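Report on the structure given below.
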Amino acid sequence: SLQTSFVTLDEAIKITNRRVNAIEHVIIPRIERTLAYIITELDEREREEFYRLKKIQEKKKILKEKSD
Amino acid sequence: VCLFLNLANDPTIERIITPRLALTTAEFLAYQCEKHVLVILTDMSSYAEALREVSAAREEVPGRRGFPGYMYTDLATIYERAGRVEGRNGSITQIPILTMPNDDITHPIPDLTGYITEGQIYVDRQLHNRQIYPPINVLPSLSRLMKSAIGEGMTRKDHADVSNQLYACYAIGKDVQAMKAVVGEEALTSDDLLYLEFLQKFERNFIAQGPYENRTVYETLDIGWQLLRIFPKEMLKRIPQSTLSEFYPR
Amino acid sequence: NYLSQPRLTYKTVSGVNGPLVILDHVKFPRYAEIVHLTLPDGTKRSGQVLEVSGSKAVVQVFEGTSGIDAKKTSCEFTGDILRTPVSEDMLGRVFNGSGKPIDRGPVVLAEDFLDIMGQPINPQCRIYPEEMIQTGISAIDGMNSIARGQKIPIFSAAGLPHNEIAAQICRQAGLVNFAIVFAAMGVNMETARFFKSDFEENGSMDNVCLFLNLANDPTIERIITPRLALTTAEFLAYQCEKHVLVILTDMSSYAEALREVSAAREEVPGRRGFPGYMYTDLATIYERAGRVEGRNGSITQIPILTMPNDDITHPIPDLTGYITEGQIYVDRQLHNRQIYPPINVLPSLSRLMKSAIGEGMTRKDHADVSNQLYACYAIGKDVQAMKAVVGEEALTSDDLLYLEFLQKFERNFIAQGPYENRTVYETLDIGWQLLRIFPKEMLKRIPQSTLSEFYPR
Amino acid sequence: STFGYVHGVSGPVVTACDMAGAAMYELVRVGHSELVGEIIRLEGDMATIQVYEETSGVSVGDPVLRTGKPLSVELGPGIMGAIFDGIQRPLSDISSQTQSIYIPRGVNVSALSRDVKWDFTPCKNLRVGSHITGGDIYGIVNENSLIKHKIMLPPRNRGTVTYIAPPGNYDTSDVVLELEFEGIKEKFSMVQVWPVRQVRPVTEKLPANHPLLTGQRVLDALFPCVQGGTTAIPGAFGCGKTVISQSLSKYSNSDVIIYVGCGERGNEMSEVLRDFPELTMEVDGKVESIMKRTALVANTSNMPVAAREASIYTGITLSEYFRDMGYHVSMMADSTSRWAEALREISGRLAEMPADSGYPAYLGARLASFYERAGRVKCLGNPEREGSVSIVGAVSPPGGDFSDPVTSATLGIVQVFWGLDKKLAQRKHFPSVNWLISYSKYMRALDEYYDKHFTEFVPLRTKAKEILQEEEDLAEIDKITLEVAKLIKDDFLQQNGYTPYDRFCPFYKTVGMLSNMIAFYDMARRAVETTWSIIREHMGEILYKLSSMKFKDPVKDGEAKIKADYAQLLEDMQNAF
Amino acid sequence: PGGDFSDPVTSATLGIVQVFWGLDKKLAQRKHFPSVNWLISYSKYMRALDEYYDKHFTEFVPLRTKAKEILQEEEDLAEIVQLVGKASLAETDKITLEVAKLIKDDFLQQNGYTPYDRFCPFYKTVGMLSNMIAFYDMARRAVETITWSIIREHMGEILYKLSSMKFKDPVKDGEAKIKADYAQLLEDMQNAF
Amino acid sequence: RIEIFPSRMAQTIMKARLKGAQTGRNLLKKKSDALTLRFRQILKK
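So the sequences go chain by chain: A, B, C, D, E and F.
So the first sequence is residues 150 to 217, counted in the entry's author numbering.
So the second sequence is residues 257 to 506, counted in the entry's author numbering.
So the third sequence is residues 38 to 213, 226 to 506, counted in the entry's author numbering.
So the fourth sequence is residues 16 to 492, 505 to 557, 566 to 612, counted in the entry's author numbering.
So the fifth sequence is residues 413 to 557, 565 to 612, counted in the entry's author numbering.
So the sixth sequence is residues 6 to 50, counted in the entry's author numbering.
Rendered as structure tokens:
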């Protein structure tokens, strides 16, 4: 009753320790280096609107001094 | 030696005209006096932060990550001063050095120089942690002029073909360590135990020459063919049978 | 020591651009010189000058430029900056944002007028906080206790009971004077009706000086509300010798009122919309705290703020983590389980908790029973996750005992009722009642001296 | 022109007109309350000035009084023990002169006291008519019992002596020297004014060779730092940041210590001004206060943000001035991450382009132009003296991650990184410096000192590091190595700072303890290569001789070496048995 | 459908509004009508209502404080069963897992195109909440000693009566209240077993 | 390997995907550890 209990646990500990090592080394470092890509792609648009808005801030002054 | 030093306390606009004067000096020792010059530009990364800073002061057209829009051109006018010309015996060859930030090859500093140079040489950080001497990894490091500089006229006709195979045993074996992290060290088969067996012996024997030892291309291949002789036959699929017949029995 | 020159009355408006009115022909105009408008209807409106240049003076009004004209409006100036009237009669009074009363009393009768922008406190005459405030919520003052001069926010979410526990902190606070300045920035009507009727209607209105700014109210008044909060709270702490506790609710609603004024003078935004100088404007109102060496007064800040979408990387709960001194973490998963104060013990630490407790302060075993109650809760958490993964009975004989303590830690200790006051001595009595379980030499953190005294009873 | 008028204030900025002779980055005095401003743009006749203080109540027409000097400090006597802000106003004197608790927002109090008199002595063969160049030691002022504040010449000027002062007592405004040049007989007092953005001129830089004995066993042996070197440490709440900041000020071989609190907190800055006025240092005579060789740049986050950027530059100019007298200065910057959040406000007010994660384009260039101001260097001047400046800069990353535009920029310039761990501070492993991530690029330059002195040290460290390197893989899954590495981590690397001896050890004991723990190891490597369980049971007394070696009190100096001999030969016996 | 709490029209709304009925898209993919998910939604109006509740509906407030408990205690267990599999993990927590499925499909679901469910009154609403929580206190004490694997189809005539209470006419005034009294006492006989 | 489009609302989605996969490992770690402890003492028996 323990000999047939011994080998059925080593078939269920191996197909569990792979799913630990599939999450730890494949699923999470795919999500982690995706989340590092959303951060920089947010940043490359947050400095893109800083160039368009500062262009209007200079063009609101040149149009002002043309009136003055 | 024509050392052009520009330390970190020096002004940041002087770093613009420093690799300009280093090349037009070398475009006078070659192309006008016909001697073979080797240009080395330290910190080509640190040139580009001195190019980003001066362009943000000009308030113009930011590209990727704050670097300016013409950052491809101003890294090309100081890289394309190389090569040989017809009516001169001289030559000028560039080995620039650039520190890619945060180990990313998709950062614009290794990116735009990857498009304009004629190759790259990658220095790995995981191999530096194992005290491998030139801590270089060979997978993202390609030389574009490898196909012309090798041959029966130049160097030892098996050299051009064995480098196609030594990438294949390297690239397959690198996925084996990626597989060994998941399933286990015992679930590997007899094929992909040799791919780990080569990969452990490849780093310490084909690389790490030591800081004062130079070995020629004939010594490189005769220490490089030994690493393919821990492999069996018929798995060296990049090598044709006309060339494999000589160098394998030794 | 005063000004007696008569106030000029300009009728020379030269344009209206949204919230702000640009004047002309003004002679020597100051910065932040307050200006009283007069519409052609007859309605008075206040206004603060935001920009002068040569002869012009771009004054923004408080209550909007709706209905303002270009020919009949008389801008009459006021030769000095905005100065609040401050006295020791504001305790038990209710004002609005700008300072007029709300509680149907009279205008205040100041002993002096203080500049609401204040002056920065000297680092050299600043002294360390050591004594404890006894704020009553046993989840707060039991483990993560508050020192006397420690700024410590409450990181809530958008919907959790933060305002319903920012009133409990206000009522049941301190022991041996303890006036309390409440500042409600950008609340609802039903929250403002709650703050006026919970506080007002107990007997805390002998020391609580509440003033509150609705969402209806002008958004320029939401900037001068923490300025009016601390400049009376540092009159009561650094000019009278009281121990003030300042509660700045809806902080995240303060920075949204900073974004509107910064984009009113046509600035560019900063990181994630909030302007670049927000780390100064937060530090101007967070660092008007601590206690001094010349006097025995003190001022303590608990800024309640709601981080949006449970993001601590947001610039409001991130820039306050560099100025303040440790967080208190209201959790949503505890709130849906319907224990009333949702204070999570694991991600919430008090930075000056070590200095704030002790035998001279509250009790000898308070430094050790707080180290054990958090530690037994940590081993209590993964045991509950272990119950679902193997079974409720076959796991371990150890985890039979940690799992019943978590049911007693959640319901009996940190589920303090809506009106239940609880002193620091009443807290640790529940702290040892839960440590009646786990018999001796299981509690490894408590030393043998204080364990032998309090555990047998 | 002498004055300028305001002509408009729009926030921090003031566009002062009628300033035709105004240079860039000059300091001005805006308003009747005399707020300190900085000239930042120059449009012809007008000059856009950003003002450091709150510009509330500044009217159009207030006098802007220009000074003609850039952002500069006052260098001279009266600087030891003082507490400054970022722009060098004395916080201790500003509380007694005004009798308040707030900074009065307009006080131009002099940085050095113009009432305390100092005993000046001349250079004694510095005659009248002798030629003197910049950097020459001109006199000596006994500022304390510890610091001989050598009066120097400013590096700009030059000439021949015409009027010198007799030895006596003088003020900081009394003329001490008068120099003949070709044009003008120029006179100047004991106080020199030097801009902080301009590097102090010097003769020639030297390679740094003499290691900073900071006191701990793990730091001075395994991850050493040299005087004239740069060093970064992490900046969490509790790992070891109070220890390494104050043990390096108490027990190191540095002549002065200049601490820069760069926009820290409110009460974390108050505890530094509560602890540093009452620390004590054991000189060869009787003990003395640490405030006779310490200068503090205290700065909260409530203060102006141009006095938070300039707090680093002020603290390094005080550090580079005391370098030129021949002393061995060490500077503790705490922190630099709160300095990087001060540059983002300064460049954010000018609406410049945010390059990498908010921070401006010159974050990597301002840090590299500050860590390069360190180094052992032969100073200017004819007495031919040598000095050094060591910069220790705390890095406070968000969340403790080492991938950040200021953390990755700092660890590319520094050479020593004493990685302090919170996890080692949770388990009370004090000091909590990690040994896996930490390193030193300062090992190749120190073996000359470890061969001219202390010869048997470099085979030990290059072996004992591999013992800690082999132990981490073995703990993942040789049995001799796991026991001895436990002994090094519990006796050698662990160090209690409150024990009357173990608060500070010299290097001869530190090379002594690692000698025995390695001589026990290779003998036990041999003794198994001929039984390990009998080794653990029969040698239990000599393992007590190893684990109790740390208690060699400083009443035992030669005996501490003598006990190291006798505990060595006792290991020679039992290895054969 | 998107930008849940990070949208400047929604982020400015939540600072002003007191009640927020978040319509979820995960429930609308399975066509759960209404698609209000019960976790991110809230009501600041729970203190202002119990003065009205303890006059008219004195039973309701002790039901709702446990009606929100069951819907969250199933929520963490649904993250358990998805990974480790349904070994049912308990018996005292299995009854919470199916009395929640009684709630999420009979109580919470409401098809508005019928002539009965298009408007439910409060006595029909507090009636269904009193009956489906009386099954929860009685089957809690039943496992203080039997197992729900026996109970599920032994009480299958009662579990059909609890699932069929939502079909009554909105014009049955006393008759729905007797039906509330009828179906509750029939559970009292089964727990007396 | 990148999965979806960046730069709004996928960060909050991926932070939900990460947090589930972070404790999903730790839940499965305790399962694999209690299974090994059941396997270790059944070896001695």
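Note that the Cβ used here is the ideal one computed from N, Cα and C, for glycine as well.
*Contact check, residue 155 of chain C vs residue 337 of chain C under 8 Å by CB: the rounded distance?*
6 Å
*With 8 Å set as the bound, which would you pick, yes or no: does the beta-carbon of residue 192 of chain C sit closer than that to a beta-carbon of chain G?*
Chain labels in this structure do not include chain G; the protein chains are A, B, C, D, E and F.
*How many angstroms separate the CA atom of residue 47 of chain F from the CA atom of residue 151 of chain A?*
8 Å
*Excluding five sequence neighbours on each side, which residues of the same chain lie with their C-beta closer than 8 Å to the C-beta of residue 53 of chain C?*
59, 102, 105 and 107
_Which same chain residues end up closer than 7 Å to residue 36 of chain D when comparing Cβ atoms and leaving out the 5 residues on each side of it in sequence?_
16
*Please compile the residues from chain E whose C-beta is within a distance smaller than 7 Å of the C-beta of residue 357 of chain C.*
417, 418 and 423
*In chain order, what residues of the segment 354-387 of chain D put their CB closer than 7 Å to some CB of chain A?*
366, 368, 369 and 372
*For the beta strand (DSSP E) that contains residue 75 of chain C, what are its first and last residues?*
70-75
*Could you give the distance in angstroms between the alpha-carbon of residue 247 of chain C and the alpha-carbon of residue 144 of chain C?*
23 Å
*Identity of the residue in B/319, B/472, B/445 and B/438 nearest residue 370 of chain D by Cα*: B/319
*Determine whether the Cβ of residue 159 of chain C lies closer than 8 Å to any Cβ atom of chain E.*
no
*Thinking C-alpha only, which one of C/243, C/301 and C/44 is nearest residue 116 of chain C?*
C/44
*Counting contacts by CB-CB distance shorter than 8 Å, is residue 438 of chain C in contact with chain F?*
yes
*Proximal chain D residues relative to residue 204 of chain A, where beta-carbon distance stays under 9 Å*: Neighbours of residue 204 of chain A on chain D: none; closest Cβ ~11 Å, over 9 Å.
*Would you decide whether residue 433 of chain E is buried or exposed? Buried here means 16 or more other CB atoms lie within 10 Å of its CB.*
exposed
*If you drop the 5 nearest sequence neighbours on each side, which residues of the same chain put their C-beta closer than 8 Å to that of residue 86 of chain D?*
40, 42, 53, 102, 210, 211, 212, 325 and 328
_Inter-residue spacing [alpha-carbon to alpha-carbon] between residue 474 of chain B and residue 499 of chain B_ = 17 Å
_Residue from C/482, C/305 and C/151 whose Cα sits closest to the Cα of residue 288 of chain C_ = C/151
*Flag residue 329 of chain C as yes if its beta-carbon sits less than 8 Å from any beta-carbon of chain D, otherwise no.*
yes
*Taking the alpha carbon of residue 551 of chain E as the point to measure from, which residue in E/598, E/463, E/610 and E/492 has its own alpha carbon closest?*
E/610
*Give the DSSP bridge partners of residue 19 of chain D, in chain order.*
D/79
*Short-range partners of chain D found in the segment 44-64 of chain C, where Cβ spacing is below 8 Å*: none
*Hey, does residue 396 of chain B have any beta-carbon neighbour from chain A nearer than 8 Å?*
no
*Return the first residue and the last residue of the alpha helix (DSSP H) that residue 300 of chain C is part of.*
300-311
*State the DSSP-derived secondary structure class of residue 457 of chain C, mapped to helix, strand or coil.*
helix
_Beta carbon proximity, residue 214 of chain D to chain B, threshold 8 Å_ = yes
*asked:* Short of 9 Å Cβ to Cβ, which residues in the segment 307-319 of chain B face chain D?
replied: 308, 309, 310, 311, 312, 313, 315 and 318
*asked:* With three or more beta-carbon pairs closer than 8 Å as the criterion, would you say the segment 244-263 of chain D touches the segment 141-152 of chain D?
replied: no
*asked:* Give me the subset of the segment 281-294 of chain D whose CB atoms are less than 7 Å from a CB atom of chain C, sorted by chain position.
replied: 281, 282, 284, 285, 286, 288 and 289
*What are the boundary residues of the alpha helix (DSSP H) that residue 164 of chain A is part of?*
163-171
*Contact list for residue 317 of chain D against chain C, beta-carbon separation under 7 Å*: 157, 158, 332, 333 and 336
_Residue environment, residue 323 of chain B, which counts as buried when at least 16 other CB atoms sit within 10 Å_ = buried
*In or out: residue 390 of chain D buried (at least 16 other Cβ within 10 Å) or exposed?*
buried
*To which residues does DSSP link residue 353 of chain C through a beta bridge?*
C/191
*Please list, in chain order, all residues of the same chain as residue 435 of chain D whose beta carbon is under 8 Å from its beta carbon, the five residues on each side excluded.*
248, 249, 251, 254, 255, 256, 259, 446, 447, 448 and 449
*Could you pull out every residue in the same chain whose Cβ sits closer than 6 Å to the Cβ of residue 301 of chain C, ignoring the five residues on either side in sequence?*
354, 355 and 365
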